[PDB]
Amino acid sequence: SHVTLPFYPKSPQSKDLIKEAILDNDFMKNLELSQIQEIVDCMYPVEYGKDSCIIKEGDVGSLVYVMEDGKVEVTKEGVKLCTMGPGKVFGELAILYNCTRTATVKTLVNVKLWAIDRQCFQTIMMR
């Protein structure tokens, strides 16, 4: 009669970081505040070690990430585009380019992230 989204409990400071990361993101700054709240409770945590490759350009890609701790470097076709520290969203562009990753993301140090899948996202967007 309607499918249940999963809830992942977080520290207040974490929920704040996420909200701010979305509001700082060009594609998503305008979402409902009620929608953002829901996204925050759905994001689950994932950790990567340094010289780990999170996203490979060209790949198919659902997941969207917010960085909590650490630092990554974004490269396309060989070129550094930038680095990203906590408070930044990445992985959003896949959907806008036909679910294909548009750049590769490598970890420069250990990182702690939050993630959310295509599917959760879509249910939310219809509320």
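Counting begins at 1, following the sequence as shown.
Trainee: Would you determine, from the values in the PDB entry, which of 75-83 and 38-46 has the greater average C-alpha temperature factor?
Mentor: Taking the mean C-alpha B-factor of 38-46 and of 75-83, the larger value falls to 75-83.
Trainee: Split the chain's modelled residues into thirds by Cα B-factor; is residue 99 in the lowest, middle or highest one?
Mentor: Ranked within chain, residue 99 CA B lands in the highest tercile.
Trainee: If you rank every modelled residue in this chain by C-alpha B factor, which third holds residue 15: lowest, middle or highest?
Mentor: Within its chain, residue 15 is a lowest-third residue by C-alpha B-factor, going by the deposited values.
Trainee: Of the three thirds of its chain by CA temperature factor, lowest, middle or highest, which one includes residue 92?
Mentor: Its C-alpha B-factor, which the entry lists for residue 92, ranks in the lowest third among residues of this chain.
Trainee: Going by the recorded CA B-factors, say which third of the chain residue 55 sits in, lowest, middle or highest.
Mentor: For residue 55, the deposited C-alpha B-factor lands in the lowest third.
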